[PDB]
Protein chains: 2
Amino acid sequence: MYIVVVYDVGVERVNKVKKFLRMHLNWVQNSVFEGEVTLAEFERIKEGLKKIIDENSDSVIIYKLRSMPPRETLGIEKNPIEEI
Amino acid sequence: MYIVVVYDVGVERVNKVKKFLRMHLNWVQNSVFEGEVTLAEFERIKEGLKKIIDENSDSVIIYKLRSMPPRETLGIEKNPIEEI
Ligand SMILES: [Cl-]
Ligand SMILES: [Cl-]
Ligand SMILES: [Cl-]
Ligand SMILES: [Cl-]
């Protein structure tokens, strides 16, 4: 899979999700990560995120894609496509 | 195209982007919208968003997909898949 991960997390866990996702996926916007993973990394990422998360005040959408998607970007880009 | 739109916008324009996107796309998480559009709607959405946006403090990624992507969701879901 290639995933894009976008989350809405409270200030008490938001620093934790960022540090965790940044060791599996590329950071491209605030609250948004993407990259290639395997089913190992995937459910590692996924449960790894559930442990971190209060599933009762917090939301993660992980879009499960074939491959890296084309995109378009308005405004202050934070991570040039090349770097991802 | 089918797009997922995720944005990071300052409090002075954040209410405007939401109201605008909500008339083209489905709201599924804070700062995240998705749905089917046409090239009319697309560049309508896209410039429509640039007018709203300070491209100098703000970011929009519009992922350009074939079709609606599969996904998985942790925690408080805000819009059951059926509704989108
Ligand atoms: Cl990163
Ligand atoms: Cl890929
Ligand atoms: Cl909506
Ligand atoms: Cl579709």
# chains A, B, ... in the order shown; residues from 1 in each chain; ligands from 1

$ residues_near_ligand --ligand "ligand 4" --cutoff "10 Å" --atoms "only C-alpha atoms and all ligand atoms" --output "NGL selection string"
:B and (1-3 or 35-37 or 65-69)

$ residues_around --residues "residue 33 (chain B)" --least-positions-apart "3" --cutoff "10 Å" --atoms "only C-alpha atoms" --output "PyMOL selection string"
chain B and resi 3-7+18+21-22+24-30+62

$ write_last_selection --atoms "N, CA, C and O atoms" --output "tab-separated table (two decimals), in the first residue's frame"
chain	number	residue	atom	x	y	z
B	3	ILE	N	-11.31	13.94	-5.68
B	3	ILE	CA	-10.25	14.57	-4.92
B	3	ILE	C	-10.42	14.43	-3.42
B	3	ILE	O	-11.53	14.23	-2.92
B	4	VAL	N	-9.29	14.45	-2.71
B	4	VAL	CA	-9.31	14.65	-1.27
B	4	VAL	C	-8.54	15.92	-1.04
B	4	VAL	O	-7.44	16.13	-1.57
B	5	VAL	N	-9.17	16.81	-0.30
B	5	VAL	CA	-8.64	18.14	-0.10
B	5	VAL	C	-8.32	18.28	1.37
B	5	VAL	O	-9.19	18.12	2.25
B	6	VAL	N	-7.06	18.52	1.66
B	6	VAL	CA	-6.73	18.80	3.04
B	6	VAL	C	-5.97	20.12	3.11
B	6	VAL	O	-5.08	20.39	2.31
B	7	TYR	N	-6.36	20.96	4.07
B	7	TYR	CA	-5.85	22.32	4.17
B	7	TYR	C	-5.42	22.70	5.59
B	7	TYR	O	-5.98	22.21	6.59
B	18	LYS	N	-14.16	26.26	4.65
B	18	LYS	CA	-15.08	25.22	5.06
B	18	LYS	C	-16.43	25.39	4.35
B	18	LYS	O	-16.94	24.46	3.73
B	21	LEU	N	-15.93	24.70	0.59
B	21	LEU	CA	-15.69	23.31	0.22
B	21	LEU	C	-16.94	22.50	0.47
B	21	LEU	O	-17.22	21.55	-0.25
B	22	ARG	N	-17.72	22.89	1.46
B	22	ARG	CA	-18.87	22.07	1.80
B	22	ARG	C	-19.95	22.10	0.69
B	22	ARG	O	-20.81	21.21	0.63
B	24	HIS	N	-19.09	21.80	-2.56
B	24	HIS	CA	-18.52	21.03	-3.65
B	24	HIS	C	-18.18	19.60	-3.23
B	24	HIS	O	-18.19	18.68	-4.05
B	25	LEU	N	-17.84	19.42	-1.96
B	25	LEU	CA	-17.22	18.19	-1.49
B	25	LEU	C	-17.78	17.79	-0.14
B	25	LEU	O	-18.39	18.61	0.57
B	26	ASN	N	-17.55	16.53	0.21
B	26	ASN	CA	-17.99	15.98	1.47
B	26	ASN	C	-16.98	16.24	2.57
B	26	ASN	O	-15.77	16.05	2.38
B	27	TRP	N	-17.47	16.65	3.73
B	27	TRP	CA	-16.62	16.90	4.88
B	27	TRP	C	-16.46	15.59	5.63
B	27	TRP	O	-17.46	14.98	5.98
B	28	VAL	N	-15.23	15.14	5.88
B	28	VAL	CA	-15.07	13.86	6.57
B	28	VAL	C	-14.23	13.90	7.84
B	28	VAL	O	-14.27	12.97	8.65
B	29	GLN	N	-13.44	14.95	8.00
B	29	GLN	CA	-12.65	15.15	9.21
B	29	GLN	C	-12.35	16.62	9.23
B	29	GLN	O	-12.49	17.29	8.20
B	30	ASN	N	-11.96	17.15	10.38
B	30	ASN	CA	-11.53	18.54	10.40
B	30	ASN	C	-10.38	18.79	9.43
B	30	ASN	O	-9.37	18.07	9.44
B	62	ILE	N	-4.44	19.11	-2.73
B	62	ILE	CA	-5.53	18.42	-3.37
B	62	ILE	C	-5.00	17.18	-4.02
B	62	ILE	O	-4.29	17.25	-5.02

$ interface_residues --of "chain B" --to "chain A" --cutoff "9 Å" --atoms "only C-alpha atoms" --output "mmCIF file with N, CA, C and O atoms, in the first residue's frame"
data_model
loop_
_atom_site.group_PDB
_atom_site.id
_atom_site.type_symbol
_atom_site.label_atom_id
_atom_site.label_comp_id
_atom_site.auth_asym_id
_atom_site.auth_seq_id
_atom_site.Cartn_x
_atom_site.Cartn_y
_atom_site.Cartn_z
ATOM 1 N N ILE B 3 -11.305 13.944 -5.679
ATOM 2 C CA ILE B 3 -10.246 14.573 -4.918
ATOM 3 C C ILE B 3 -10.419 14.432 -3.416
ATOM 4 O O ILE B 3 -11.527 14.232 -2.917
ATOM 5 N N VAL B 6 -7.063 18.519 1.662
ATOM 6 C CA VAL B 6 -6.726 18.803 3.043
ATOM 7 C C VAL B 6 -5.972 20.122 3.112
ATOM 8 O O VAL B 6 -5.084 20.391 2.310
ATOM 9 N N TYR B 7 -6.364 20.956 4.071
ATOM 10 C CA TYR B 7 -5.850 22.317 4.174
ATOM 11 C C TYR B 7 -5.424 22.697 5.591
ATOM 12 O O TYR B 7 -5.976 22.213 6.589
ATOM 13 N N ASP B 8 -4.432 23.577 5.661
ATOM 14 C CA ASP B 8 -4.033 24.221 6.919
ATOM 15 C C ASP B 8 -4.221 25.731 6.768
ATOM 16 O O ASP B 8 -3.406 26.388 6.134
ATOM 17 N N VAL B 28 -15.231 15.142 5.876
ATOM 18 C CA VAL B 28 -15.069 13.856 6.569
ATOM 19 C C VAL B 28 -14.227 13.896 7.841
ATOM 20 O O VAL B 28 -14.269 12.969 8.647
ATOM 21 N N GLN B 29 -13.439 14.950 8.004
ATOM 22 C CA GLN B 29 -12.647 15.153 9.209
ATOM 23 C C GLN B 29 -12.346 16.621 9.228
ATOM 24 O O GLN B 29 -12.487 17.288 8.199
ATOM 25 N N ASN B 30 -11.955 17.152 10.376
ATOM 26 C CA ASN B 30 -11.529 18.535 10.404
ATOM 27 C C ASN B 30 -10.375 18.788 9.428
ATOM 28 O O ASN B 30 -9.374 18.069 9.439
ATOM 29 N N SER B 31 -10.532 19.820 8.604
ATOM 30 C CA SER B 31 -9.577 20.179 7.565
ATOM 31 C C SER B 31 -9.518 19.194 6.385
ATOM 32 O O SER B 31 -8.598 19.287 5.612
ATOM 33 N N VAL B 32 -10.452 18.251 6.249
ATOM 34 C CA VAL B 32 -10.387 17.287 5.131
ATOM 35 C C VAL B 32 -11.714 17.109 4.389
ATOM 36 O O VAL B 32 -12.749 16.784 4.984
ATOM 37 N N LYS B 46 -10.508 25.061 -7.214
ATOM 38 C CA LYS B 46 -9.091 25.380 -7.064
ATOM 39 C C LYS B 46 -8.794 26.876 -7.043
ATOM 40 O O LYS B 46 -8.130 27.353 -6.120
ATOM 41 N N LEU B 49 -10.442 28.487 -4.192
ATOM 42 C CA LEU B 49 -9.661 28.368 -2.972
ATOM 43 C C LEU B 49 -8.496 29.350 -2.917
ATOM 44 O O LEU B 49 -8.130 29.819 -1.845
ATOM 45 N N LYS B 50 -7.900 29.659 -4.067
ATOM 46 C CA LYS B 50 -6.775 30.612 -4.089
ATOM 47 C C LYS B 50 -7.217 32.036 -3.713
ATOM 48 O O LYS B 50 -6.518 32.728 -2.947
ATOM 49 N N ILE B 53 -7.470 32.287 -0.151
ATOM 50 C CA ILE B 53 -6.295 31.893 0.622
ATOM 51 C C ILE B 53 -5.088 32.811 0.513
ATOM 52 O O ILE B 53 -4.751 33.314 -0.562
ATOM 53 N N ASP B 54 -4.453 33.025 1.662
ATOM 54 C CA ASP B 54 -3.192 33.744 1.746
ATOM 55 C C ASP B 54 -2.046 32.774 1.456
ATOM 56 O O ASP B 54 -1.633 32.019 2.325
ATOM 57 N N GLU B 55 -1.538 32.799 0.231
ATOM 58 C CA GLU B 55 -0.597 31.781 -0.252
ATOM 59 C C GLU B 55 0.841 32.039 0.136
ATOM 60 O O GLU B 55 1.718 32.119 -0.717
ATOM 61 N N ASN B 56 1.075 32.082 1.437
ATOM 62 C CA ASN B 56 2.162 32.862 2.009
ATOM 63 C C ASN B 56 2.127 32.621 3.499
ATOM 64 O O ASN B 56 3.070 32.918 4.221
ATOM 65 N N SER B 57 1.013 32.032 3.924
ATOM 66 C CA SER B 57 0.816 31.525 5.281
ATOM 67 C C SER B 57 -0.056 30.256 5.298
ATOM 68 O O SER B 57 -0.223 29.634 6.353
ATOM 69 N N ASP B 58 -0.587 29.865 4.135
ATOM 70 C CA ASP B 58 -1.572 28.781 4.037
ATOM 71 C C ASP B 58 -1.233 27.682 3.022
ATOM 72 O O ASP B 58 -0.588 27.938 2.001
ATOM 73 N N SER B 59 -1.745 26.477 3.269
ATOM 74 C CA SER B 59 -1.466 25.320 2.413
ATOM 75 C C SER B 59 -2.689 24.450 2.100
ATOM 76 O O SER B 59 -3.464 24.093 2.985
ATOM 77 N N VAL B 60 -2.842 24.094 0.835
ATOM 78 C CA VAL B 60 -3.866 23.149 0.429
ATOM 79 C C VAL B 60 -3.197 22.070 -0.392
ATOM 80 O O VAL B 60 -2.457 22.377 -1.331
ATOM 81 N N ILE B 61 -3.394 20.813 -0.008
ATOM 82 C CA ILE B 61 -3.049 19.727 -0.896
ATOM 83 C C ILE B 61 -4.342 19.160 -1.415
ATOM 84 O O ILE B 61 -5.247 18.806 -0.651
ATOM 85 N N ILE B 62 -4.436 19.110 -2.730
ATOM 86 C CA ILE B 62 -5.532 18.422 -3.372
ATOM 87 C C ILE B 62 -4.999 17.182 -4.021
ATOM 88 O O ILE B 62 -4.286 17.253 -5.016
ATOM 89 N N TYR B 63 -5.340 16.039 -3.475
ATOM 90 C CA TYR B 63 -4.869 14.832 -4.094
ATOM 91 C C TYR B 63 -5.801 14.525 -5.258
ATOM 92 O O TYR B 63 -7.019 14.512 -5.090
ATOM 93 N N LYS B 64 -5.225 14.276 -6.433
ATOM 94 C CA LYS B 64 -6.011 13.990 -7.648
ATOM 95 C C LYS B 64 -6.077 12.498 -7.957
ATOM 96 O O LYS B 64 -5.141 11.918 -8.493
ATOM 97 N N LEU B 65 -7.184 11.870 -7.594
ATOM 98 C CA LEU B 65 -7.317 10.431 -7.716
ATOM 99 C C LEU B 65 -8.213 10.004 -8.869
ATOM 100 O O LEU B 65 -9.048 10.785 -9.330
ATOM 101 N N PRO B 69 -11.189 6.510 -3.115
ATOM 102 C CA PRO B 69 -10.257 5.516 -2.558
ATOM 103 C C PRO B 69 -10.796 4.766 -1.359
ATOM 104 O O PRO B 69 -11.546 5.325 -0.569
ATOM 105 N N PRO B 70 -10.403 3.497 -1.207
ATOM 106 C CA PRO B 70 -10.663 2.832 0.067
ATOM 107 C C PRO B 70 -9.880 3.528 1.170
ATOM 108 O O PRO B 70 -8.941 4.264 0.878
ATOM 109 N N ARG B 71 -10.243 3.275 2.415
ATOM 110 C CA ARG B 71 -9.719 4.046 3.526
ATOM 111 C C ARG B 71 -9.806 3.163 4.745
ATOM 112 O O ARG B 71 -10.463 2.132 4.719
ATOM 113 N N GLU B 72 -9.192 3.574 5.838
ATOM 114 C CA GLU B 72 -9.575 3.002 7.116
ATOM 115 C C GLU B 72 -9.566 4.121 8.150
ATOM 116 O O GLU B 72 -8.858 5.112 7.989
ATOM 117 N N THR B 73 -10.381 3.982 9.186
ATOM 118 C CA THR B 73 -10.642 5.091 10.089
ATOM 119 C C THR B 73 -10.525 4.671 11.546
ATOM 120 O O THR B 73 -11.175 3.720 11.989
ATOM 121 N N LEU B 74 -9.687 5.391 12.284
ATOM 122 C CA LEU B 74 -9.548 5.177 13.715
ATOM 123 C C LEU B 74 -10.296 6.259 14.457
ATOM 124 O O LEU B 74 -10.297 7.421 14.033
ATOM 125 N N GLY B 75 -10.935 5.867 15.556
ATOM 126 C CA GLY B 75 -11.550 6.811 16.466
ATOM 127 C C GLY B 75 -12.876 7.368 15.998
ATOM 128 O O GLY B 75 -13.552 6.789 15.134
ATOM 129 N N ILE B 76 -13.239 8.506 16.585
ATOM 130 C CA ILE B 76 -14.513 9.161 16.317
ATOM 131 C C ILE B 76 -14.668 9.472 14.828
ATOM 132 O O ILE B 76 -14.083 10.437 14.318
ATOM 133 N N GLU B 77 -15.421 8.621 14.128
ATOM 134 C CA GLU B 77 -15.798 8.903 12.745
ATOM 135 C C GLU B 77 -16.833 10.005 12.751
ATOM 136 O O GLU B 77 -17.697 10.049 13.620
ATOM 137 N N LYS B 78 -16.743 10.896 11.776
ATOM 138 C CA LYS B 78 -17.559 12.097 11.767
ATOM 139 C C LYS B 78 -18.560 12.078 10.618
ATOM 140 O O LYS B 78 -19.518 12.860 10.573
#

$ select_by_dssp --residues "chain B" --states "strand (DSSP E)" --output "PyMOL selection string"
chain B and resi 2-8+26-29+32-36+59-65+71-75

$ atom_distance --atom1 "CA of residue 34 (chain A)" --atom2 "CA of residue 48 (chain A)"
15.8 Å

$ closest_residue --among "A:52, A:45, A:23, A:17" --to "ligand 1" --atoms "only C-alpha atoms and all ligand atoms"
A:23

$ atom_distance --atom1 "CA of residue 10 (chain B)" --atom2 "CA of residue 20 (chain A)"
25.6 Å

$ select_by_dssp --residues "chain A" --states "alpha helix (DSSP H)" --output "PDB file with N, CA, C and O atoms, in the first residue's frame"
ATOM      1  N   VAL A  14      -0.952  15.025  20.259  1.00  0.00           N
ATOM      2  CA  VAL A  14      -0.540  15.493  18.932  1.00  0.00           C
ATOM      3  C   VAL A  14       0.973  15.459  18.717  1.00  0.00           C
ATOM      4  O   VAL A  14       1.430  15.266  17.593  1.00  0.00           O
ATOM      5  N   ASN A  15       1.763  15.640  19.771  1.00  0.00           N
ATOM      6  CA  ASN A  15       3.207  15.628  19.585  1.00  0.00           C
ATOM      7  C   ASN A  15       3.695  14.202  19.425  1.00  0.00           C
ATOM      8  O   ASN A  15       4.710  13.950  18.782  1.00  0.00           O
ATOM      9  N   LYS A  16       2.945  13.269  19.992  1.00  0.00           N
ATOM     10  CA  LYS A  16       3.329  11.867  19.943  1.00  0.00           C
ATOM     11  C   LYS A  16       3.058  11.267  18.562  1.00  0.00           C
ATOM     12  O   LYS A  16       3.871  10.490  18.058  1.00  0.00           O
ATOM     13  N   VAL A  17       1.916  11.608  17.960  1.00  0.00           N
ATOM     14  CA  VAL A  17       1.559  11.041  16.658  1.00  0.00           C
ATOM     15  C   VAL A  17       2.537  11.522  15.600  1.00  0.00           C
ATOM     16  O   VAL A  17       2.965  10.743  14.727  1.00  0.00           O
ATOM     17  N   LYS A  18       2.910  12.794  15.700  1.00  0.00           N
ATOM     18  CA  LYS A  18       3.830  13.392  14.752  1.00  0.00           C
ATOM     19  C   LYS A  18       5.179  12.662  14.784  1.00  0.00           C
ATOM     20  O   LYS A  18       5.684  12.230  13.752  1.00  0.00           O
ATOM     21  N   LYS A  19       5.742  12.502  15.979  1.00  0.00           N
ATOM     22  CA  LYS A  19       7.047  11.857  16.126  1.00  0.00           C
ATOM     23  C   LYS A  19       6.992  10.414  15.645  1.00  0.00           C
ATOM     24  O   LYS A  19       7.962   9.895  15.098  1.00  0.00           O
ATOM     25  N   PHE A  20       5.850   9.770  15.840  1.00  0.00           N
ATOM     26  CA  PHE A  20       5.690   8.384  15.437  1.00  0.00           C
ATOM     27  C   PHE A  20       5.544   8.285  13.938  1.00  0.00           C
ATOM     28  O   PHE A  20       6.197   7.461  13.286  1.00  0.00           O
ATOM     29  N   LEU A  21       4.671   9.111  13.377  1.00  0.00           N
ATOM     30  CA  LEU A  21       4.425   9.014  11.940  1.00  0.00           C
ATOM     31  C   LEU A  21       5.678   9.416  11.191  1.00  0.00           C
ATOM     32  O   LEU A  21       5.961   8.895  10.124  1.00  0.00           O
ATOM     33  N   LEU A  39       2.497  -4.393   4.912  1.00  0.00           N
ATOM     34  CA  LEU A  39       1.403  -4.791   5.791  1.00  0.00           C
ATOM     35  C   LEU A  39       1.899  -4.919   7.212  1.00  0.00           C
ATOM     36  O   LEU A  39       1.125  -4.807   8.170  1.00  0.00           O
ATOM     37  N   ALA A  40       3.200  -5.171   7.333  1.00  0.00           N
ATOM     38  CA  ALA A  40       3.881  -5.128   8.619  1.00  0.00           C
ATOM     39  C   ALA A  40       3.816  -3.696   9.126  1.00  0.00           C
ATOM     40  O   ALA A  40       3.092  -3.402  10.076  1.00  0.00           O
ATOM     41  N   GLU A  41       4.538  -2.806   8.450  1.00  0.00           N
ATOM     42  CA  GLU A  41       4.544  -1.386   8.787  1.00  0.00           C
ATOM     43  C   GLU A  41       3.131  -0.818   8.949  1.00  0.00           C
ATOM     44  O   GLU A  41       2.866  -0.049   9.874  1.00  0.00           O
ATOM     45  N   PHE A  42       2.233  -1.229   8.056  1.00  0.00           N
ATOM     46  CA  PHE A  42       0.846  -0.765   8.042  1.00  0.00           C
ATOM     47  C   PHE A  42       0.154  -1.009   9.376  1.00  0.00           C
ATOM     48  O   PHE A  42      -0.302  -0.061  10.028  1.00  0.00           O
ATOM     49  N   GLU A  43       0.053  -2.271   9.787  1.00  0.00           N
ATOM     50  CA  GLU A  43      -0.659  -2.547  11.030  1.00  0.00           C
ATOM     51  C   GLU A  43       0.216  -2.183  12.223  1.00  0.00           C
ATOM     52  O   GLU A  43      -0.305  -1.950  13.326  1.00  0.00           O
ATOM     53  N   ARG A  44       1.526  -2.062  11.992  1.00  0.00           N
ATOM     54  CA  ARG A  44       2.397  -1.461  12.997  1.00  0.00           C
ATOM     55  C   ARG A  44       2.000   0.012  13.163  1.00  0.00           C
ATOM     56  O   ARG A  44       1.748   0.483  14.278  1.00  0.00           O
ATOM     57  N   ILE A  45       1.949   0.734  12.048  1.00  0.00           N
ATOM     58  CA  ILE A  45       1.515   2.122  12.048  1.00  0.00           C
ATOM     59  C   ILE A  45       0.147   2.238  12.688  1.00  0.00           C
ATOM     60  O   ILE A  45      -0.076   3.043  13.595  1.00  0.00           O
ATOM     61  N   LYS A  46      -0.760   1.388  12.221  1.00  0.00           N
ATOM     62  CA  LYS A  46      -2.177   1.475  12.565  1.00  0.00           C
ATOM     63  C   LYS A  46      -2.472   1.205  14.037  1.00  0.00           C
ATOM     64  O   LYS A  46      -3.134   2.019  14.685  1.00  0.00           O
ATOM     65  N   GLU A  47      -1.996   0.086  14.577  1.00  0.00           N
ATOM     66  CA  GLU A  47      -2.199  -0.124  15.996  1.00  0.00           C
ATOM     67  C   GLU A  47      -1.358   0.870  16.756  1.00  0.00           C
ATOM     68  O   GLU A  47      -1.859   1.517  17.670  1.00  0.00           O
ATOM     69  N   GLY A  48      -0.104   1.019  16.333  1.00  0.00           N
ATOM     70  CA  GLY A  48       0.791   2.025  16.875  1.00  0.00           C
ATOM     71  C   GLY A  48       0.085   3.349  17.081  1.00  0.00           C
ATOM     72  O   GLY A  48       0.319   4.035  18.066  1.00  0.00           O
ATOM     73  N   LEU A  49      -0.819   3.687  16.168  1.00  0.00           N
ATOM     74  CA  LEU A  49      -1.598   4.908  16.290  1.00  0.00           C
ATOM     75  C   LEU A  49      -2.762   4.772  17.265  1.00  0.00           C
ATOM     76  O   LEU A  49      -3.126   5.733  17.934  1.00  0.00           O
ATOM     77  N   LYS A  50      -3.359   3.585  17.346  1.00  0.00           N
ATOM     78  CA  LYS A  50      -4.484   3.380  18.278  1.00  0.00           C
ATOM     79  C   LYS A  50      -4.039   3.472  19.747  1.00  0.00           C
ATOM     80  O   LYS A  50      -4.738   4.089  20.575  1.00  0.00           O
ATOM     81  N   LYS A  51      -2.871   2.899  20.051  1.00  0.00           N
ATOM     82  CA  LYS A  51      -2.307   2.987  21.397  1.00  0.00           C
ATOM     83  C   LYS A  51      -2.154   4.442  21.790  1.00  0.00           C
ATOM     84  O   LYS A  51      -2.497   4.833  22.905  1.00  0.00           O
ATOM     85  N   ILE A  52      -1.644   5.240  20.855  1.00  0.00           N
ATOM     86  CA  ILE A  52      -1.412   6.652  21.099  1.00  0.00           C
ATOM     87  C   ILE A  52      -2.712   7.408  21.301  1.00  0.00           C
ATOM     88  O   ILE A  52      -2.750   8.400  22.023  1.00  0.00           O
TER      89      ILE A  52
END

$ decode --residues "region 3-48 of chain B" --atoms "C-alpha atoms" --output "mmCIF file, in the first residue's frame"
data_model
loop_
_atom_site.group_PDB
_atom_site.id
_atom_site.type_symbol
_atom_site.label_atom_id
_atom_site.label_comp_id
_atom_site.auth_asym_id
_atom_site.auth_seq_id
_atom_site.Cartn_x
_atom_site.Cartn_y
_atom_site.Cartn_z
ATOM 1 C CA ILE B 3 -10.246 14.573 -4.918
ATOM 2 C CA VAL B 4 -9.314 14.649 -1.266
ATOM 3 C CA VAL B 5 -8.641 18.139 -0.097
ATOM 4 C CA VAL B 6 -6.726 18.803 3.043
ATOM 5 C CA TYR B 7 -5.850 22.317 4.174
ATOM 6 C CA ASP B 8 -4.033 24.221 6.919
ATOM 7 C CA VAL B 9 -5.616 27.691 7.075
ATOM 8 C CA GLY B 10 -5.452 30.615 9.546
ATOM 9 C CA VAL B 11 -8.505 31.501 11.702
ATOM 10 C CA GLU B 12 -9.221 34.528 9.508
ATOM 11 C CA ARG B 13 -10.011 32.378 6.456
ATOM 12 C CA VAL B 14 -10.706 28.905 7.925
ATOM 13 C CA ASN B 15 -14.452 29.523 8.190
ATOM 14 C CA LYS B 16 -14.577 30.605 4.570
ATOM 15 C CA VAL B 17 -12.812 27.541 3.119
ATOM 16 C CA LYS B 18 -15.083 25.216 5.058
ATOM 17 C CA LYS B 19 -18.299 26.866 3.823
ATOM 18 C CA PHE B 20 -16.947 26.863 0.281
ATOM 19 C CA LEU B 21 -15.685 23.309 0.218
ATOM 20 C CA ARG B 22 -18.868 22.067 1.795
ATOM 21 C CA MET B 23 -20.781 23.089 -1.380
ATOM 22 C CA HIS B 24 -18.524 21.027 -3.650
ATOM 23 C CA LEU B 25 -17.219 18.189 -1.489
ATOM 24 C CA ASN B 26 -17.993 15.983 1.472
ATOM 25 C CA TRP B 27 -16.623 16.904 4.881
ATOM 26 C CA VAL B 28 -15.069 13.856 6.569
ATOM 27 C CA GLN B 29 -12.647 15.153 9.209
ATOM 28 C CA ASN B 30 -11.529 18.535 10.404
ATOM 29 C CA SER B 31 -9.577 20.179 7.565
ATOM 30 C CA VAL B 32 -10.387 17.287 5.131
ATOM 31 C CA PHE B 33 -12.831 17.127 2.227
ATOM 32 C CA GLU B 34 -13.431 14.633 -0.561
ATOM 33 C CA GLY B 35 -15.719 13.915 -3.488
ATOM 34 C CA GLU B 36 -16.184 13.637 -7.234
ATOM 35 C CA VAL B 37 -15.708 16.751 -9.329
ATOM 36 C CA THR B 38 -15.365 17.771 -12.951
ATOM 37 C CA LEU B 39 -12.685 19.956 -14.522
ATOM 38 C CA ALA B 40 -15.159 22.798 -14.300
ATOM 39 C CA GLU B 41 -15.819 22.237 -10.596
ATOM 40 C CA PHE B 42 -12.121 21.381 -10.136
ATOM 41 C CA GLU B 43 -10.614 24.657 -11.306
ATOM 42 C CA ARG B 44 -13.667 26.378 -9.855
ATOM 43 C CA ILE B 45 -12.783 24.751 -6.525
ATOM 44 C CA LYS B 46 -9.091 25.380 -7.064
ATOM 45 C CA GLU B 47 -9.066 29.057 -7.966
ATOM 46 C CA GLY B 48 -12.053 29.504 -5.684
#
